[PDB]
Every structure is written in structure tokens, then in C-alpha cells.
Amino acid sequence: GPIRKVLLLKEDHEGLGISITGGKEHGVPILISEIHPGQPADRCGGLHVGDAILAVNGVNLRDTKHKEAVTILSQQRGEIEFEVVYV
């Protein structure tokens, strides 16, 4: 589908509220495999299971390994912009 821009708001005491799978070393994008109920990704309304995360806060994720993506994603704080696409 279309590439979309999505805003997520979170406080410092929370995680993002997602599970991810995939990564470059597996030949798979960074994919959302879970949205956890009531946590910031669920509350922002625009992120869904099956979405590929293309970038976060302008940091490209298309060619990142799994653990690289985890470090990058877990470093972001507050008002966070995602670039995602559902295939």
C-alpha cells in the first residue's frame, strides 16, 4: 500500500508498545508483529500488525539488522514520527 507518515506520543516511563520481527540479516524488513493493547503504538491509532517500519524520526531502517533496529527504536523519546507501509 501507500507509504504513510504516523505520529506517536509516549512518556519516558513506557516502551513503544510493539513487537518487531525481521531485519536485513534475514532478508526481511523490520515488521510489526504485535501491537500491545493500551500502549503508545495502540493509542496513536496509525500503526498496525504487518506494517514495515521504513524510518523513525528520519533514521532509515530499510537496511538495518534486527538488533540495530531495536537500539535505534528504543532510543527515541516523546513525539516520534514513523514512516511505514503495509504490504
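We number the residues from 1 along the sequence you see.
For the pair 40 to 48 and 58 to 66, the mean Cα B-factor is higher in 58 to 66.
When 72 to 80 is weighed against 19 to 27, 19 to 27 comes out higher, by mean CA B-factor as recorded in the entry.
The entry lists a Cα temperature factor for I32 that places it in the lowest third of the chain's modelled residues.
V85: CA B factor in the middle third of modelled residues in this chain (values from the PDB entry).
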